[PDB]
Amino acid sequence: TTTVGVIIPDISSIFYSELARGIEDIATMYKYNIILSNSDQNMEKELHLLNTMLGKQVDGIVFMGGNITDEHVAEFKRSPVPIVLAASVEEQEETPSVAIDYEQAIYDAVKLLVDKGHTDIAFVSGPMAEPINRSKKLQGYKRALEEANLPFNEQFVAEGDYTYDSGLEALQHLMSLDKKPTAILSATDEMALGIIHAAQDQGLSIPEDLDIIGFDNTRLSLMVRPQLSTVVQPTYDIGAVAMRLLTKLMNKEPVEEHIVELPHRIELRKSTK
């Protein structure tokens, strides 16, 4: 009875716990219970939970994952209940989902840095095995450079894992190049924190020696010195809009576009000149 399942990689995540709160609030508002399950991004786990959720007779599901394959897609379509993706990327774009335009956001961030005089701009992404990184965020980075008539050099792309440590190492990696970047854009705020501190551990001054821009605008953006300039992602809203869109599907009300892109923007603080 009136219950929806929520598959999420890790509820203890600063990002996913916020998305989850947004989902729950709208779920409470509309009288829906929430069965929460963690997947750790394990495909077998995700597909299994999907069938497991059905066993509990859920009325719908909100799915969050960093690797949506054609197999996930088919499973989502054949599921007897409505499914909505939140903060996730599905290249095929067939499953209703709510997120922002990651490609544009990164593009905007890079363009900004370019308009400021940067030629050697670096991008610290999340695992390239995830479409959101390799197919969206990296593409916005590529497009911005190409549009500014700048070459795309792999050396200016470091691969992190969303972890604070990866950001620390990401920075030390990039500063090891013969030609270091003068600006660094991180696919995440937590990695951006590591970059800033690693830069400072090596004696560099932010924003002086290096312009740094994060991505998401989580509270972590304010808990750093200098405070992080970041791309804003209405994380709570994505969860809310996702659950709300799901309730429309479950109550068969009119759906104007199943693929929703909430607006983004850039909050400039002190990590950029």
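Numbering starts at 1 and runs along the sequence shown.
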Which is higher on average in the deposited entry, the C-alpha temperature factors of 172-180 or of 78-86? 172-180
Averaging C-alpha B-factors over each stretch, which comes out higher, 15-23 or 255-263? 255-263
Using the entry's values, work out which of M128, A109, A199, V98 has the largest Cα B factor. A199
Looking only at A122, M191, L150, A105, the Cα with the top B-factor belongs to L150
When the modelled residues of the chain are sorted by Cα temperature factor, does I206 land in the lowest, middle or highest third? highest
For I7, the third of its chain into which the C-alpha B factor falls: lowest
Position of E44 among the chain's modelled residues by C-alpha B-factor, lowest, middle or highest third: highest
When the modelled residues of the chain are sorted by Cα temperature factor, does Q155 land in the lowest, middle or highest third? middle
Binned into thirds over the chain's modelled residues, the C-alpha B-factor of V73 lands in the lowest
